[PDB]
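> sequence, then the experimental structure. Questions to follow.
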4 protein chains.
Amino acid sequence: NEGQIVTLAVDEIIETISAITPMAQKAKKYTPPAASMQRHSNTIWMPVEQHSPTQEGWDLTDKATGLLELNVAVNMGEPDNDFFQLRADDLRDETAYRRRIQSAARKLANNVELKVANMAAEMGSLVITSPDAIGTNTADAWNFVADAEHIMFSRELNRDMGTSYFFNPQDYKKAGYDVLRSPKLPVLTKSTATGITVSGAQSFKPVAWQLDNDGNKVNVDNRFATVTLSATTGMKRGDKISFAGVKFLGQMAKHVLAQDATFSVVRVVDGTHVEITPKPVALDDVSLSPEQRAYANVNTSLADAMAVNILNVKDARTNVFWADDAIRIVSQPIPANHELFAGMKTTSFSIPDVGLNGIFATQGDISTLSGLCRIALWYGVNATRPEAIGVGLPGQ
Amino acid sequence: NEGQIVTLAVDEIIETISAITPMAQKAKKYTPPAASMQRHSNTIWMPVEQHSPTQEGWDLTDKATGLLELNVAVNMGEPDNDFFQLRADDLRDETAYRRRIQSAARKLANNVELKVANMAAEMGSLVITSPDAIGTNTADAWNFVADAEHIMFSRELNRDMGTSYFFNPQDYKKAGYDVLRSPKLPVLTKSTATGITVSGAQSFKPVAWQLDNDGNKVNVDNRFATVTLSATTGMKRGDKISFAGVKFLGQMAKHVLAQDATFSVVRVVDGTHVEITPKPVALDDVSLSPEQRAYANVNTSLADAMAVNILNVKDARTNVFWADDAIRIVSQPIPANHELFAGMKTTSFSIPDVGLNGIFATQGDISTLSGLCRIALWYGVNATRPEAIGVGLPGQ
Amino acid sequence: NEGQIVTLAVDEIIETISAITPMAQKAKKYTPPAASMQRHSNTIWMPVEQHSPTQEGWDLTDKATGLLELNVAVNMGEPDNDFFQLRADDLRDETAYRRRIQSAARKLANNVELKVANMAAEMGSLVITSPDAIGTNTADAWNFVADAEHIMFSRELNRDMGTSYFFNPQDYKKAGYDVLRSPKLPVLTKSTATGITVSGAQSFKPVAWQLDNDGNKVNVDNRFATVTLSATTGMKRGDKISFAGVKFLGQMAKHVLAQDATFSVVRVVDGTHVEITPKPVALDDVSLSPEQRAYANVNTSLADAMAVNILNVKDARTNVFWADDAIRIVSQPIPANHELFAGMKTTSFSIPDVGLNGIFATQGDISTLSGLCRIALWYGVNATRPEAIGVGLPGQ
Amino acid sequence: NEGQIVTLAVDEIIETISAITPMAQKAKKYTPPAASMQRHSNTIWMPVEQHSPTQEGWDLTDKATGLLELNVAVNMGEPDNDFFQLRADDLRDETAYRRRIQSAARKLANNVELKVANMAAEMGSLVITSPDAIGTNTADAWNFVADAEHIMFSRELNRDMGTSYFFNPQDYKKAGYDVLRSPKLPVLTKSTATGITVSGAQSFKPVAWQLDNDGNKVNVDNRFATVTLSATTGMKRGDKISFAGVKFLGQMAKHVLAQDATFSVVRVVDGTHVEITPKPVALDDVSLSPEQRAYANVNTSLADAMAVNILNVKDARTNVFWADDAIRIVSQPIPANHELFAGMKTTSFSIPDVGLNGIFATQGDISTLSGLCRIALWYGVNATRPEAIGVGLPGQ
């Protein structure tokens, strides 16, 4: 063994996590600007931009400056980690030793997938439902991919390669067989609410800056917005809803689509308020500036006494899809000091294939005549753009 | 001239801003570890010095586990700009040229002194009052300086480097003449409210973190407490209030002092909620864990049906004082790429004592036969330790 | 950094205790004859000032044989500590590091002042009290400082190095301005007791030793007499009492003074026994040997049917004073463990003027990826002569 | 340690006794002339002189050289002692060792102060009485320092070198604030006698010599005098009296004063005789030589049927004053042999600022496993001019 141990451990971890994390790829990396950070925590804003049709002419005098930018938050929790004791018969030879560290790495890598897979099904906003099972038979059985293509094309929203679809394993066989399996995809559940309405007519705006209590200006996160209700019994986060008169618009030409608008609920507050996504910015109001109108998705105001209806009417396992760069993974080197305290050999490491970073450490314990071993990965994940994440269901 | 222009421009800017900034010289200089970049600002967090219960004897066991830590916000937008043309008659020779840059730099740097003065006078929490005018050697007169040490020393808030005091120039002569005069100091104003009452018993804790909408954990700054009242009837930010029947505690010794507890209001919400400072943690509340009780400030919880009184019934010019480290100036070097683009010139400067970073840049214009110049300074200030910024209302 | 940490840390702890511990500095340093040893708690005895009868003549025969000697106990408890984990960002660089050692050292320093200040003000036996509040230059107000020489000089309890005085900050302002501020002093509180009376005739004498359970002889500290009364309620420790018709004597001259004798109560037992200070060795008790009578200080035996009265009927912030040598702080160096266990670092240290001693230690802990630090002080403090600590109670 | 002990002992004793002897150092230091007066006990005569106005004119045979000079006696009693055993822990090192000697020296100094103060107060012959307490009010109290200049200046006794006053510490406070304060001054006490009378006509002379039993000539102790009175009960040493009729004269001009002649009683003999002071040498007697008449004090003989009245009818702590050179302290080197005996160590020392002499001796032991120490001071004190020592009393 000869004190080499850390080299074999990082060799297993890097190789293993790169192999077994398929759904953590197919999403886009990001970083701090200079890796300089050292505090216990930090908060990052990051930008998003809506594309614009190309100007034609020999030379130009207009629209070079662009339009109003927006930003979204991300925040990093305490690391996911594994913590275990090396009894010496696991340490006796290399091809035995790899077993332990590999099993820990596999136990850890599960959580990196489970977090993103759970997040997409709860937080997403496009919804498709047919009162049918999935099947290959052209008659009297439904096809999921056919509608999931059409609903994005008709919005103008997907304009790039890599649009991806995911199945749960007990459905992946029903459809025969870019498409992938995941075992980790959750179950929704049936909400109990009925007769729900808004009260008082309401409207909303994109905004770049507002005041903080000290008197400075901050960007305001634009993903969700508040709506107020006649009642709020019988609902939970990750449910799915629609407003009776309301329809979506395509991003470029701004025609109305055929089908009704869809919204997704992220918190319930004080028996009175709900936070929902995406923010329902409306066409056909004179109040908006020519910049502000460019972010309208919705045909009307949220009018008084609008009937609110549940779409998730009976419950089953999910299936999920997204356009490229809807979900991001963020990380830093861990704040730690090397070659300072004698009682704790430790090293940093990175996983370039997935953008994670982590730390390995070990210490000898008098209470068990054995080494203790710890591994931790620091990472944060969020949807940047709820408008682009979609969920299908088998019937109700 | 030689093309030397920048060597005169920075000489004027560094010297003139050094001479005209009497108040900003006495906040604490600071730096974050980051290097933020123009399209995405960072809401960088910072810590406050911690406290803990007494812990006694040999064989101490796991008693580190409960220890608690706290933080406060600071925020930054785009920098302040000044931006103007160099006509040719402003550009003949050194003694003519200087004037221009001095006029710009004065117009810029004045904004910083106005910020720190106006923020302190609005936001601070210690209040001192006399019906008398400021004066000396006379029982009809009142002395500011004595009370302005005594009220703060008896709280145990003072450090080793000592306090500082700012008078307005209308009052200053009446006291004759650590102590300075500043022209920029605002008037508070009178407020109409009366018959105000607390609406129901309220209580508070220090807090480590709360949940983000995405499901992560974020630190929460404990500076601002929400309080709910009968109708707020025309209160304003920067006003000053006291509740009946509650008293301050000495920070280390925990004994009660004699005089009424005092609070400052920073924002108003929905006619029945207000944001106030500092957070009123009680000593008599059974409900705190002992590691939380270490932060106590007030003799009782803010009990039901306590009357408010308003400490600002008639108005006069302010005078202001603070303990050391109660105000910070935050700044970062400006990102620009030296000699990346040929068709422009830029250079970087950093004012050594007040700690403001700054950028100078110049450009030609074929459309007007004239050079453009653009100077910018990036900075932000925040009320750390709001428990130790204080304001005096003479002549009330 | 280089793991040199101790050579900075002690050079902050020494200095940052030294500047802020006045009530410790004015106590008098002592030493036992030993060099101290760690594991066991460890009472130590020491002698008071002696007295002996007059003895004229060229011839003395055996008259040294009867000389009577007295001692008192100090009783060192288990140690005083502060104990916390070094986040790593607090260890980046020297000027950022110092602040953490200061933040710990201030909490450590505060506990020493609070001990001696509370002990003196609670236990002490001279009472000065007035129906008026403190003031100056005014016939209808009272000055504390004169009476707090007059009582001591009248007893001839004075000493070469001179007495010393403290005020709380709320009173110190009213005295204008050997004399010191302090934030730390306690509040006494009102006692409900009334009609208290002595249950049977009693008197007292000094004793050198008494029999232990095993049949050996051990010393008795003479300070704490015990008295038995009609039933008592609400006499919490730190209260103050006097007996009708009993007067003090000057220590050397044995002349009777004019004012009432005063006593301070330290525990309650069985609702009908109390412990009180000083032990009232009566002159004109016919039972004493002349070698005992030399310690007498009170005009009569404690006769039957004596009326007690209570000396603190309304409660306000106190203040405190003492003769030289009245308070002793005891400490000595702790044993070192240099390199004895390989997985640890430590050193002893001392604070040369105030006389305290302590130990610094640090450890790397894999449970939190952090260095732990422990700093510990070992000190005991006691009133060596309770006749010489005096307390003010204005406004009765 | 190291046998140096005697050096540290005198370094404590010389210092501390010189600091705590405020009264004794106002008496006049005096010595017999010889360097070798080794006899184990002795009585020492000293001459007294009365001042005479400087003469005028070119040559003199008016009175010239031959005069009726007078002597007084002082008798040196046994030394004062202090005598104690050195346990082992009192002899560890210098900073501990100094405490024992310092405490013994203090204890020793107390006798010297108490002796002179008690002697002056009980023996003195001017008396002032007012039926009041001491205080600064205009027409409501008594002003002691006025009367005790008026009474002496009107006798013309203290014409040169001035005077000294002492107050008890309780009266000094009421007088506000040449003048000093001491705890040690005694209480007189009330006496029972009434209706007393002179028993038969008596008169007196100054004298230089009378015959001893063996027909040699000796001086006559010319301060005391004997009177016979009707049978006495309840007279005691140090009482105060005045006869009917008789009035005092000023020394330098023989004018009568208004107030009564006054006297002090030193010893009762057989219930029929008393010794009193000063000796009442009358003017207006023919039985006097022209030199003898110069010493006269009073306006008539002490005739038959003169009534006695008591000037001490109710009692309090005294106050006292004297003209300079009217109390003397006498001392000599102690007779002892050095290195004559090998078993015992001793050395001799002086206290220059008081004129006292003393001896230090230390002796080994077998009886108690210890060292013995014995320090002794030899001195005697007397009212060498009792006409000049005055006493004041508050009312009756």
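On my side now, so go ahead. Residues are numbered from 1 along each chain as shown, chains lettered A, B, ... in the order given.
> ok, now which ones touch residue A:335?
Going by CB atoms under 8 Å, 6 or more residues apart in numbering or on different chains, residue A:335 touches A:37, A:38, A:39, A:40, C:88, C:89. Any C-beta I mention is one placed from the backbone N, CA and C, and that applies to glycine too.
> for the second one, give me its contacts.
The one in question is residue A:38. Applying CB under 8 Å, 6+ apart, we find residue A:38 in contact with A:335, B:33, C:88, C:89, C:92.
> was I right about residue A:238 contacting residue A:122?
Yes: under the criterion of CB atoms under 8 Å, residue A:238 makes contact with residue A:122 at 3.5 Å.
> residue in chain A with the shortest distance to chain D?
For chain A, the residue closest to chain D is residue A:342, as judged by CB to the nearest CB, at 42.1 Å.
> what ranges do the helices span in the stretch 251-396 of chain A?
Along the stretch 251-396 of chain A, counting by DSSP state H, counting those that start in this stretch, helices occupy A:290-293.
> contact residues of it facing chain B?
A:266, A:267, A:275, A:380, A:382, A:383 (CB under 8 Å from any CB of the partner chain).
> touching, residue A:372 and residue A:82? I think so.
No: at 11.6 Å, residue A:372 does not count as touching residue A:82 under the criterion of CB under 8 Å.
> for the contacts of residue A:335, work out which two are farthest apart.
Greatest spatial distance in the contacts of residue A:335: A:37 and C:88, 11.8 Å, computed using CB to CB.
> can you give me the strands for the stretch 201-350 of chain A?
Listed in chain order, the strands of the stretch 201-350 of chain A (DSSP state E, counting those that start in this stretch) span A:210-211, A:217-218, A:225-228, A:240-243, A:247-249, A:256-260, A:263-269, A:273-277, A:308-310, A:319-322, A:327-330, A:345-351.
> report the angle between the longest helix belonging to chain A and strand A:273-277.
Looking across chain A with DSSP state H, the single longest helix is helix A:94-123. Using axes from the mean of the first three to the mean of the last three CA atoms, to 10 degrees, the direction of helix A:94-123 lies 110 degrees away from that of strand A:273-277.
> what residue in the stretch 201-350 of chain A comes nearest to chain C?
In the stretch 201-350 of chain A, the residue found nearest to chain C is residue A:341; the distance is 3.1 Å by CB to the nearest CB.
> list the beta-bridge partners for residue A:320.
Residue A:320 has these beta-bridge partners by DSSP bridges: residue A:166, residue A:391.
> now the residues of the stretch 251-396 of chain A next to chain B in a markdown table, with distance to chain C and neighbour count?
A markdown table is the format used below for these (distance: CB to the nearest CB, whole Å; neighbours: other CB atoms under 10 Å in any protein chain shown):
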| residue | distance to chain C | neighbour count |
| --- | --- | --- |
| A:266 | 32 | 19 |
| A:267 | 32 | 13 |
| A:275 | 34 | 16 |
| A:380 | 19 | 20 |
| A:382 | 25 | 24 |
| A:383 | 30 | 24 |
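> re earlier: out of the contacts of residue A:335, which are buried?
The neighbour-count test (16 or more other CB atoms under 10 Å in any protein chain shown) applied to the contacts of residue A:335 identifies A:37, A:38, A:39, C:88 as buried.
> hmm, back to that, quick check, the longest helix of chain A touching chain B?
Yes: legend: contact between helix A:94-123 and chain B by CB under 8 Å from any CB is shown at A:119, A:123.
> give me the number of residues near residue A:307?
Neighbourhood size, residue A:307 [other CB atoms under 10 Å in any protein chain shown]: 12.
> about what we covered before: quick one: the residue of the stretch 201-350 of chain A closest to chain C and residue A:35, what's the gap?
Here the distance between residue A:341 and residue A:35 works out to 23 Å (CB to CB, to the nearest Å).
> comparing the two, which shows the higher neighbour count?
Legend: neighbour count by other CB under 10 Å for residue A:341 and residue A:35, higher for residue A:341 (22 against 9).
> so the more buried one makes contact with residue C:372?
No: with contacts counted by CB under 8 Å, residue A:341 stays clear of residue C:372, the gap being 9.3 Å.
> now do the shared contacts for those two.
Common neighbours of residue A:341 and residue C:372, using CB under 8 Å, 6+ apart, are C:362, C:363, C:364.
> can you flag the buried ones in those?
For these, buried by 16+ other CB under 10 Å: C:362, C:363, C:364.
> for residue A:226, name its beta-bridge partners.
residue A:275.
> between the residues of the stretch 251-396 of chain A next to chain B, which is closest to residue C:229?
The nearest member of these to residue C:229, counting by CB to CB, is residue A:267 at 66.7 Å.
> so how far is residue A:221 from the closest residue to the closest one other than its chain neighbours?
Excluding its sequence neighbours, the residue lying closest to residue A:267 (CB to CB, 6 or more residues apart in numbering or on different chains) is residue A:275, at 4.5 Å. With distances taken as CB to CB, residue A:275 is found 11 Å from residue A:221.
> try residue A:334
27 Å.
> ok, those two, which is more surrounded?
Neighbour comparison, residue A:334 and residue A:221: the larger count goes to residue A:334, with 18 against 13 (by other CB under 10 Å).
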